[PDB]
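Given as structure tokens, the chain that follows is alone and in the form deposited in one PDB entry.
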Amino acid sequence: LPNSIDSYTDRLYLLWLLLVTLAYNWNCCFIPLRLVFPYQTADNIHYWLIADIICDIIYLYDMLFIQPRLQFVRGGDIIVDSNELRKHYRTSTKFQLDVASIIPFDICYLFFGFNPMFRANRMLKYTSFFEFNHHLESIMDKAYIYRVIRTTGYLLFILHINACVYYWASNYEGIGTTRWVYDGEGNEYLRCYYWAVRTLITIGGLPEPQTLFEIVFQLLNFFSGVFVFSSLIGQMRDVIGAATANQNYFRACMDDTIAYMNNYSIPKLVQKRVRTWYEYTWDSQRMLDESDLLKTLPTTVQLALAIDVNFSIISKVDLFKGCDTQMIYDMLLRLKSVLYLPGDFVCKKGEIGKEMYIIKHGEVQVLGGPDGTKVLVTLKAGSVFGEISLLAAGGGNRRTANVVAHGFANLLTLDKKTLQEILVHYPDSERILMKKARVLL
């Protein structure tokens, strides 16, 4: 065993939480089953005792050898020292529930006989089940599958508890006494589970309650079944509405753009180009804009995600070699991602020039032939062109060659105005940029 468990990148800890979850689910399932049903016979008690000793051993090993080795964060810094980990577990609120679960009430078997009501404190270790749910949802890619599986398991557990309470009521009223109670014909758990399914799903079709205890039982069970079915529908609706929220938002904005272009009588070629843009953006990005996602993140993670994507590309640019790293970082943060369709002109020969283009995941083609269509250079991804147009003043730089996009090119753009508003804070790199413009132009 390691001296410290990461509890985030440790898959052995996820397997241990799975084991404690299996022990806790064994307890929650087989305490009412052995408490109500006559399955804890004198010729079967040794297997039940073996399983209960295994579950208590898993509880004790979790309380003693795993949870004191859990890393945590105290005031920002990660705690690794095993003494501090042990005191943090000992003064935690999980230790109270673990101790109250593993309180040995099994010593009362000598007094009141074998009774699983004395093991009913073992259901107080629900925190291990909850952190197993949390860690499995964190490692899983699509966690709505586990939400659906958990909702199914909750439904099966509440039907199991309802079957146990129905068998208790049948034994209390007498087996086979009235038409409503269980008669004793086949499998007791299977037929009581059939009754619990048909009642707590509010299907009905069962014998009607005869006495007042049975009418009160059936009324409360039908009310609980109405609310269980309502919570099942609400959980499935929450899962579906959270699973399709981004797709429905993208479809809503695409329908808004389509309704605008239909209201303004925009031609079908332009509408097809807009639909092609929306379809390729949903294929590649699965989001409309990266800018309204990145502008919600803090500035440090924004700078890290900008550096890791574009910093080598701009550090390979000859123009910003003498410039300073903080101005380069600001121009990283102020980049704009635009997607060009196939055949789109990113630089028309003779138009004004005001942007620097960083091509990421695309191909553009510089048309400088005698007729104007022959490909001179096909710039692949990671290239930078039009960076000298960032330094011209006024009109200045006009584009000298037609540059079209071969396929769907995803350029990254830095405006001249944006570079100037960045350069009003960085005067030394401003002087280097004007000196480079003067020596090159």
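Start at 1 with the first residue shown and count on from there. We call the rigid core the largest set of C-alpha positions that still match within 1.5 Å between the two forms.
Same protein, other form: the form deposited in another entry, not shown, and the subject of what follows.
When the two forms are overlaid on the rigid core, CA displacement between the shown form and the other one of 2 Å or more is confined, within 352, 124, 338, 108, to 352. Shown in the overlay between the shown form and the other one, fitted on the rigid core, is a CA shift at residue 62 smaller than 2 Å. Residue displacement note: residue 143 has its CA displaced by under 2 Å between the shown form and the other one (rigid core superposed). Once the rigid core is used as the reference frame, the Cα position of residue 223 differs between the shown form and the other one by less than 2 Å.
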